[PDB]
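We've got the same protein chain twice here, in two forms, each standing alone as C-alpha cells: structure 1 and structure 2.
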Structure 1
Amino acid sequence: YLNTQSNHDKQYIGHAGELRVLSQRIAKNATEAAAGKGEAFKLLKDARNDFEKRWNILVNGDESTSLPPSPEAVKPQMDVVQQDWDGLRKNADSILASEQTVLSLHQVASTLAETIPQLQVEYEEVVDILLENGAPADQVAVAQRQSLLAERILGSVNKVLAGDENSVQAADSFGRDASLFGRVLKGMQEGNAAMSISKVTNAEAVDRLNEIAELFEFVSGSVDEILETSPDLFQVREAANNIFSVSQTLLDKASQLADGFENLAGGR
C-alpha cells in the first residue's frame, strides 16, 4: 500500500483527518459500552488503538515509510491535540477496564427483569388463594403488599443501570427493599411475631410461597454484586460523558492540525 516513495504531505493530512473520524468513533463506542452493549468494547478498544497508532506516527514518524516527525510549524496544533488525546485515552481505558463488571451487572439485571415479575405473579396468585379460601384478612393484606414491594424492587434495577447521580442510592434501595421482602416472605412461611406476620397455613398458598422463595434466591443472591459494583457503572458513564466532550473539542483541534498540514503543502 504505502511505502518509502509515498508522499509525506498526504500522510500527515490523512493521519490528522482520520483522527477526526476516530474521535467520533471512540465517543460512539464509549457511550454504547457504558450502556452495556458488549460488542462496543471491542470497537472502543480498536478505535482507541488506531488513534494511538496514527498519533504516534504524527509525533515520532513512521519508520516503515520513512515519514519523519511532523514539522515544527504545526507544533502548536500538535501540542493541543495531545492534551485532548491524553484525556480521551485515559477515559476510554477506564471504560475498557470495567468491561466484566459492566457486562456482569447487565446480565444480572437481564435475568432479574424476568424473575421479579414472576415473583409478582405468584404473590398475586397467593392473594387470590388466601382471599377466596376465606383465609384471615391480615394474611391477604401482607401478600398484597409483598406483591407491590416486588414491583418496587424491580423498579430500582433500571435506576441502577443508568449509572447517573442516583444509581448508587437506587442500589441501596434495591437491597433494603429486598431485605424487607425476604423477611416478610419468611414471616409468611414461619410466622414472625416481631413484625406481626401470621404463618400462612392454606396449603395451596404455602405451595406458592415455596416457589416464590425459590425464585427470590436469585434476587437476594444478586444484592451484593449490585451494591459492590454499581458505582463502577457510574464511573464508566461519567467517563463516556467526558469522552463525548473531549471528543468534540478534539474534533476541532484535529481539523486545525489537518488544515495546518494542508497549508504547508501549499507554501502558506
Structure 2
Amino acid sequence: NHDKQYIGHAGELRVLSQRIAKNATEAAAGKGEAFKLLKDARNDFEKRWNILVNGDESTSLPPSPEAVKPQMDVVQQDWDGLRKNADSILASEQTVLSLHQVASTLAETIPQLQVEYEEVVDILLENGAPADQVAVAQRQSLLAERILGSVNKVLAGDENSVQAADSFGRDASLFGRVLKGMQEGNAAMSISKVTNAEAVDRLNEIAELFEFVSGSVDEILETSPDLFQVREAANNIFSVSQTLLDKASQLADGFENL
C-alpha cells in the first residue's frame, strides 16, 4: 500500500526532527558523539523527506499529489531552516572540538601555574621583600584564577563567552607583562625584579607553564565566536524543530484525511 508509506514516513519525520534537536543541543556542548549522530539524523530526515516528495524507487511509491502541496509547502520552509543551520554545526565540528579540548587542557595548567605563584609569594615572605612585590605576586595568583574562571565562562556558548574570551586574552597579556617584569628588570609599572633564587627558579617554571597559555590566546579568541554561533544555531534548531513537529503532525493528519 502507498498511503501507509506517506503516513508512516511523516510520523517518522516527527521523531527524526526530535532527535535532530536533541543531537544539536548535545553537540553544542562539545560532545563529539552527538556531532556525528546529528549528521546521521539529518541524512535520515533528508532521505525520508525526498522519498516523500520525489517518490521512492525501491518501494515504487508515487510522488505526493498536489492535494498535499499546501501542507508540504510549509514543512520544507521549516526544514530548509533546520537543515542549513544543521550543516553549519557540522561545518564547525573540529573547531568546536578544539576549544573544548584546549580549554580542558588549560583547566589543568592554570591551577598549577596559580598555586606555584602562591609558593612564590610565601618565598618573598620567608626571605624579606617590600610589600609591593608580595602584593603583585598575589595579584598574579588571583589573575590566574580569574583566567581559569574566564575559560569556564567561555565554555557556555552564551553572550558572555566572547566577553570572557577577550577577558582571558587581556588578562593573559597582563599576566605575561607582570611575569616578565618580575623575572627581568623593567620600568613599566614599577615592577621590581625578584632577587631571590628559589623564587626566580619557580618563576622560570611559571613562565614555561604560561607558554601554553600565551600561545592558545589567539586560538580561543578566533574560535569562541564560532562556539557562540553554534549554540545560537542549536537554539534555533530546537525551536524550529518543536514547530516542525506540529507541522508534520498536521501533514500526517492531512494524509490520513485523504
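C-alpha atoms forming the largest set that superposes within 1.5 Å between two forms make up the rigid core. Every residue number counts along structure 1's sequence, beginning with 1.
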Next on the checklist: Once the core is aligned, what is the C-alpha displacement of residue 74 between structure 1 and structure 2? Give it in Å to one decimal.
Outcome noted: 2.1
Item to check | between structure 1 and structure 2, how far the Cα of residue 161 shifts once the core is aligned, in Å | outcome: 1.9
Checklist outcome for this item: Superposed on the core, the Cα displacement of residue 92 between structure 1 and structure 2 in Å comes to 0.5
